[PDB]
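Below is one structure, written out as structure tokens; comments come after it.
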Amino acid sequence: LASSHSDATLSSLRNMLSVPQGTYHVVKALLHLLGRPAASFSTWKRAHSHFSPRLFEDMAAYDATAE
Amino acid sequence: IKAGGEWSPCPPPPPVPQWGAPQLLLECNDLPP
Amino acid sequence: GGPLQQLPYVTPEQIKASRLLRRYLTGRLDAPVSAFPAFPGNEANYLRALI
Amino acid sequence: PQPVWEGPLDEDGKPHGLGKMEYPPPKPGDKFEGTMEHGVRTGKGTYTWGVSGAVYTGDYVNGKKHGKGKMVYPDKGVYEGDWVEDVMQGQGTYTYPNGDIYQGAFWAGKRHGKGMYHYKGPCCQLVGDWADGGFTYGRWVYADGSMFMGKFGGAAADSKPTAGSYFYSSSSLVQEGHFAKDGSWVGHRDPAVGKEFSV
Amino acid sequence: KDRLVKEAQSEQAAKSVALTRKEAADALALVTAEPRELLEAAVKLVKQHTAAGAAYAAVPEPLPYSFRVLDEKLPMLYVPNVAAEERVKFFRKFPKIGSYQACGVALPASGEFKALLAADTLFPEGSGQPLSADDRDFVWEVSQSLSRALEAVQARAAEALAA
């Protein structure tokens, strides 16, 4: 259901000049969980690059069984 | 305007030299305990 | 007649710097005298040192 | 007066780990700290000199300064860049006590290569080819845009311009010429309107 | 006749370059895209038409001079000599020689400044000489076009969010 609205969510996220605070927090947490280098989404400016179509595919790919 | 016969454009300030004297170079001491 | 400004005082640095350069006065009192040799002030300070 | 070592010690009395060594004064003595190996130092270390007061916080190889490093000389001049065989070589930056900054290449402990020198008092910059700590060729730029392109004298001539072309942005005039021995500027032709020397 | 013809052709060429520059400046407002892309398109237009050495947009320690735009709510700032000023900030930490200019992006029907277009000529990557009035006018026009484009972007985004 998350990937159902992937295009609309990405479009709405990319058009924002400002920083949506809580949504930025949850996006940063999700980027930590997917094992990103963590030095590339500190500020919202750099966190802009990470989200793209490929983000939603990676969410399904990440193992949910691994400890 | 001063009307003397002497004038010329100013050269740039000389870049200041290094800590080496006209040369001594400081070296880490190498003696074992 | 007309308006009448008062030139500020003159410091030894301005006098020493004035002996190095050679300029035509632009006629207005807010004008950069030179970039090199460096001059500590605008046109008015150069005029005061010349005076 | 054997120097005191504090830290892990290998066999034969050879330091082999992250520790601190203090040396006997002849004015305190020197002091090293950081990784050591078999009696010589290697890896990121910090050596503080006793008499002069210089501090070198940088890499080490075979007991000599090597690789990236940073030093604070007795004078407040701070060097930061590449070292080989405890001599300044390669790319780096140097900050002088006057405040003048230099960015560029070094060779045998002097300015040598392609670099820029920025004076503090006047904002003029010297950009181009340095040799033996002197300026050989390039563009001398004033604080507004007026500049001079040409060949400058070496360290023997104290980096004075010798031949080239002046451009003044206040009037926007360009004149090519040279310098006499007395320092008087001798132009080859009358000044002509032009543009800045953008190589 | 020859002298008159030469003068006329010079005037015609000047008018042609003015027209093409203004035409480019008018096009940026029409573009519909992500905000970062509109900012990138502006930077390219400013660099190509103007003589600016570099153009960069943006979305005790002295206060950076660019903050004057936000604090005094003044739309355009121009520093003919960064050497004279003291609040100018250099990204590479090496003192630079040249001019600088920054005209903010203010949305219409509001006063909030969203972006800032900064074009400068700094040696050695730039001319190092003050910007001519035509270059500054082009930077101002590009920023105004970007302002209209950003207003359109915000309008479309709000409509989509409320849809």
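Going by the structure tokens order, chains are called A, B, ..., each with residues numbered from 1, while ligands are numbered from 1 in the order shown.
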With only C-alpha atoms as the counted atoms, please give the residues lying no more than 12 Å from residue 8 of chain B, apart from itself and same-chain residues fewer than 5 positions off, as a PyMOL selection string. (chain C and resi 19-22+37) or (chain D and resi 178-186)
At a cut-off of 12 Å, which residues of chain C touch chain E? Count only C-alpha atoms and give the answer as a PyMOL selection string. chain C and resi 32+35+40-42
Can you build me a table of chain A residues sitting at most 9 Å from chain E, with the closest atom pair per residue and its distance in Å to one decimal, using only C-alpha atoms, sorted by chain and residue number, as a tab-separated table?
```
residue	atom	partner	partner_atom	distance
A:11	CA	E:34	CA	8.4
A:12	CA	E:157	CA	6.9
A:14	CA	E:34	CA	6.5
A:15	CA	E:34	CA	5.4
A:16	CA	E:35	CA	7.6
A:17	CA	E:35	CA	6.9
A:18	CA	E:114	CA	8.7
A:45	CA	E:59	CA	8.9
```
Contacts of residue 52 of chain D within 10 Å, only C-alpha atoms, excl. fewer than 5 positions in-chain, as a list in words: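 Returned residues: residues 26 of chain B; 27, 30, 73, 74 and 75 of chain D.
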Put those residues in a file: C-alpha atoms, as an mmCIF file, in the first residue's frame.
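Just written: again_6.cif:
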```cif
data_model
loop_
_atom_site.group_PDB
_atom_site.id
_atom_site.type_symbol
_atom_site.label_atom_id
_atom_site.label_comp_id
_atom_site.auth_asym_id
_atom_site.auth_seq_id
_atom_site.Cartn_x
_atom_site.Cartn_y
_atom_site.Cartn_z
ATOM 1 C CA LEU B 26 64.187 21.198 13.309
ATOM 2 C CA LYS D 27 63.322 24.786 29.076
ATOM 3 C CA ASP D 30 60.363 17.388 23.877
ATOM 4 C CA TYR D 73 56.400 26.753 13.707
ATOM 5 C CA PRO D 74 57.993 28.830 16.492
ATOM 6 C CA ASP D 75 56.705 31.888 14.682
#
```
Would you mind reading off the distance between atom CA of residue 128 of chain D and atom CA of residue 112 of chain D, one decimal, in Å?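 Atom-to-atom, atom CA of residue 128 of chain D to atom CA of residue 112 of chain D, that is 10.2 Å.
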So that I can check the secondary structure, give me every residue of chain E assigned helix (DSSP H, G or I) by backbone DSSP, as an MDAnalysis selection string. chainID E and resid 2:30 35:49 67:72 133:162
Between atom CA of residue 89 of chain E and atom CA of residue 67 of chain E, measure the distance and give it in Å to one decimal. 11.0 Å
Selected residue of minimal separation from residue 130 of chain D among D:199, D:102, D:85, D:11, counting only C-alpha atoms: D:102
Need the shell around residue 119 of chain E: protein/DNA/RNA residues with any atom at most 8 Å away, counting only C-alpha atoms. Skip same-chain ones fewer than 3 positions apart. Format as a PyMOL selection string? chain E and resi 46+52-56+100-102+139
Give as a list in words every residue of chain E that touches chain D within 10 Å, counting only C-alpha atoms. residues 80, 81, 82, 83, 84, 94, 95, 96, 97, 98, 99, 122, 123, 124, 125, 126, 127, 128, 129 and 130 of chain E
